[PDB]
Amino acid sequence: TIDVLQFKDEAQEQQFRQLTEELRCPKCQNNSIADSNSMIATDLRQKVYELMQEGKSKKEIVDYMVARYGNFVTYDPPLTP
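So the sequence shown is numbered by the authors' numbering: it starts at 19 and just counts up by one.
Pasting the structure below:
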(Lines of atoms letter the chains of each structure in order from A and count residues from 1; the text may use other names and numbers.)
(Lines give C-alpha, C1' and ligand atoms only; values in the text may rest on other atoms or scores of the structure.)
Protein backbone atom coordinates (compact mmCIF):
# COMPACT_ATOMS: atom_id res chain seq x y z
CA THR A 1 0.00 0.00 0.00
CA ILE A 2 1.57 3.24 -1.19
CA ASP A 3 -0.21 6.56 -0.59
CA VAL A 4 -3.06 8.68 -1.96
CA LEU A 5 -1.62 7.42 -5.23
CA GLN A 6 -4.35 4.86 -5.86
CA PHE A 7 -5.27 3.13 -9.10
CA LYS A 8 -8.97 2.78 -9.79
CA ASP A 9 -8.25 -0.71 -11.09
CA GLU A 10 -5.50 -2.64 -12.84
CA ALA A 11 -6.14 -0.51 -15.92
CA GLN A 12 -5.29 2.70 -14.07
CA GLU A 13 -2.15 0.86 -13.05
CA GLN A 14 -1.60 -0.05 -16.72
CA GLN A 15 -1.74 3.68 -17.38
CA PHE A 16 0.81 4.01 -14.59
CA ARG A 17 2.67 1.18 -16.31
CA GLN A 18 3.10 3.32 -19.42
CA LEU A 19 3.39 6.66 -17.67
CA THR A 20 6.39 5.39 -15.72
CA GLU A 21 7.96 3.08 -18.33
CA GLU A 22 7.73 5.51 -21.25
CA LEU A 23 10.02 7.76 -19.25
CA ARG A 24 13.76 7.59 -19.85
CA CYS A 25 16.16 7.19 -16.94
CA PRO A 26 19.85 7.87 -17.79
CA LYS A 27 21.07 4.42 -16.70
CA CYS A 28 21.15 1.20 -18.73
CA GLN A 29 20.62 -0.80 -15.54
CA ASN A 30 17.43 0.82 -14.29
CA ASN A 31 13.76 0.24 -15.12
CA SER A 32 12.69 3.84 -15.75
CA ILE A 33 10.87 5.19 -12.70
CA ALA A 34 8.35 2.36 -12.57
CA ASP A 35 9.68 -0.32 -10.22
CA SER A 36 13.06 1.27 -9.58
CA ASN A 37 11.60 2.51 -6.26
CA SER A 38 14.17 5.29 -6.36
CA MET A 39 13.48 8.16 -3.95
CA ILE A 40 13.31 10.64 -6.80
CA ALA A 41 11.58 8.11 -9.08
CA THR A 42 8.70 8.08 -6.61
CA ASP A 43 8.72 11.90 -6.62
CA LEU A 44 8.11 11.74 -10.36
CA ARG A 45 5.48 9.02 -10.00
CA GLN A 46 3.50 11.40 -7.81
CA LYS A 47 3.40 13.71 -10.82
CA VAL A 48 2.25 10.76 -12.90
CA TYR A 49 -0.61 10.32 -10.40
CA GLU A 50 -1.54 14.01 -10.32
CA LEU A 51 -1.53 14.26 -14.10
CA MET A 52 -3.96 11.32 -14.26
CA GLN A 53 -6.64 13.22 -12.36
CA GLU A 54 -5.64 16.52 -13.97
CA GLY A 55 -6.71 15.04 -17.27
CA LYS A 56 -3.41 14.71 -19.07
CA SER A 57 -2.76 12.38 -21.98
CA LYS A 58 -0.09 9.65 -21.97
CA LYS A 59 2.50 11.67 -23.87
CA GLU A 60 1.18 14.74 -22.06
CA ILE A 61 1.96 13.16 -18.67
CA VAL A 62 5.52 12.32 -19.70
CA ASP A 63 5.85 15.69 -21.45
CA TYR A 64 4.81 17.31 -18.20
CA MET A 65 7.53 15.24 -16.59
CA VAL A 66 10.17 16.19 -19.15
CA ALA A 67 9.14 19.84 -19.32
CA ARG A 68 9.14 20.39 -15.56
CA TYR A 69 11.57 17.67 -14.46
CA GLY A 70 13.65 17.37 -17.61
CA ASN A 71 16.84 17.52 -15.56
CA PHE A 72 16.69 13.86 -14.67
CA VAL A 73 13.77 12.79 -16.83
CA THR A 74 13.63 12.60 -20.62
CA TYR A 75 11.04 11.50 -23.19
CA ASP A 76 12.74 8.92 -25.37
CA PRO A 77 12.83 5.14 -25.99
CA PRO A 78 14.29 3.66 -22.78
CA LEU A 79 16.85 0.90 -22.33
CA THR A 80 14.39 -1.41 -24.02
CA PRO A 81 16.20 -3.18 -26.91
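Think of the CB as a built atom: it goes at the ideal place given N, C-alpha and C, for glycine as much as any other residue.
Where residue i sits in the DSSP three-state scheme
i     : result
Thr60 : helix
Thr38 : helix
Cβ shell of residue i (< 8 Å), same chain only, five flanking positions each side left out
i     : result
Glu78 : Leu69
Identity of the residue in the options nearest residue i by Cα
i     : options                    : result
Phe25 : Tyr87, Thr92, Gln64, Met83 : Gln64
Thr98 : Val66, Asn48, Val80, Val91 : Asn48
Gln32 : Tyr87, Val66, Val84        : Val66
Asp21 : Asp61, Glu72, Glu28        : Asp61
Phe90 : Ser56, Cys43, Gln71, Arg35 : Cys43
Sequence-distant residues of the same chain with beta carbon closer than 7 Å to residue i, five excluded per side
i     : result
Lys74 : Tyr82
Residues of its chain near residue i, where Cβ-Cβ distance is below 6 Å and the 5 sequence neighbours each way are ignored
i     : result
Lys45 : none
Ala59 : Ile51
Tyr93 : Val80, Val84
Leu23 : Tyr67
Check whether residue i and residue j have beta carbons under 8 Å apart
i     : j     : result
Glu39 : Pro95 : no
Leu41 : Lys76 : no
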